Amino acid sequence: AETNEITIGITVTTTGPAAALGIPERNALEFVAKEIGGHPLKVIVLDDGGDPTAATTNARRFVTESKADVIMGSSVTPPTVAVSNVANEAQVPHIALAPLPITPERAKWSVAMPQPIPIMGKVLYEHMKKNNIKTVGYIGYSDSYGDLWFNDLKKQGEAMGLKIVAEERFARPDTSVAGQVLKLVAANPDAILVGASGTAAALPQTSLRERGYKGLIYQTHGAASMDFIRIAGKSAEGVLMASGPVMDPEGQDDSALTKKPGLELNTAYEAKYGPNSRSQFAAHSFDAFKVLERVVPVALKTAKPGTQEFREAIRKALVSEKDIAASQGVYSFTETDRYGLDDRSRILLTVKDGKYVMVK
């Protein structure tokens, strides 16, 4: 029944349009702890292609075939909702690697590593209101992720002095946004917020600049990898982008709790995969293990791996262990706050000379 190993199942997106998010998540697993408390970690990684059906199947294989103590994933919101559904039914701790709406139905067994949308929205809107932005347009996905961002722009953003003059949506698989851009450019808001991720985030970037949009463009943390710059090229110049601090540990003070783990991950990842290969996404899987390094020893005091008692002790340890330092933030979860993050979890980036720079 009980085991020596601690069993962790991970479903991420390493094929399909979101592969650029999952590949680094999987690769970061080379750099995480092999053991916690003397107990070897048995880590089982699967691709879900970003599909909720595959992520549901993967999560179930972990909780039932592997008897996992913890499950992690996925890379994008729709499959992450699916994993949460499974985790909460099976009563297994779930560490999400994409923001998701953490409803009362999902909250008991799920926490999230990515910064919550309102923290990222605030940093972007604050900048807007320092840069003479009065009117704003939105272009984002026609699904839960695009909704969370739009709703935040409407609730938080408007309350900061923004007037929404245009709202357009597109689906993840689309390779053109020409019609939506036509309306947006026509409305000529002072700024446009793009609610998308990966290669799709670069699409409105290029397409708006080539249509002659001159306003400020703002990107979510779903865009925070070099892939965006790769894909957007010269059109990325001057973008403002919400990011976790892992994108610039060098720019942090030594007093920042996030600095050490950011330097650790980035040194390791960039030694194998090359300079400036750091990402938002690699950091979420890395940080999930930093959380495990705090909560697993607590659980090990009172429960044996491979048992429900251990899963329950992990659940309780997630909310008893405070100020968990990781590359993307300092986490303090509660029964009700399943993200656990504050201002230490974000910085604002721009692109100059084809590289990300921290906006001071």
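From 1 onward, residues are counted along the sequence shown.
**Q** Give the stretch, out of 229-237 and 114-122, with the larger mean C-alpha temperature factor in the deposited entry.
**A** It is 229-237 that shows the higher mean C-alpha B-factor.
**Q** Between 193-201 and 67-75, point out the one with the higher average CA B-factor as the PDB entry records it.
**A** Averaging CA B-factors over each stretch, the winner is 193-201.
**Q** Given 145, 289, 213, 273, identify the residue with the highest C-alpha B factor in the PDB entry.
**A** If I rank 145, 289, 213, 273 by C-alpha B-factor, first place goes to 213.
**Q** Pick out which of 329, 297, 38, 306 has the highest C-alpha B-factor in the PDB entry.
**A** Largest recorded C-alpha B-factor: 38.
**Q** C-alpha B factor of residue 151, ranked within the chain: lowest, middle or highest third?
**A** Ranked within chain, residue 151 CA B lands in the middle tercile.
**Q** Which third, lowest, middle or highest, does the C-alpha temperature factor of residue 11 belong to within its own chain?
**A** Lowest third.
**Q** Classify residue 89 as lowest, middle or highest third according to the C-alpha B-factor given in the PDB entry, relative to its own chain.
**A** Its C-alpha B-factor, which the entry lists for residue 89, ranks in the lowest third among residues of this chain.
**Q** For residue 280, does the deposited CA B-factor place it in the lowest, middle or highest third of the chain?
**A** Lowest third, going by the recorded CA B-factors of the chain.
**Q** Using the temperature factors of the C-alpha atoms in this entry, rank residue 104 within its chain: lowest, middle or highest third.
**A** For residue 104, whose C-alpha B-factor we compare with every modelled residue in the chain, the answer is the highest third.
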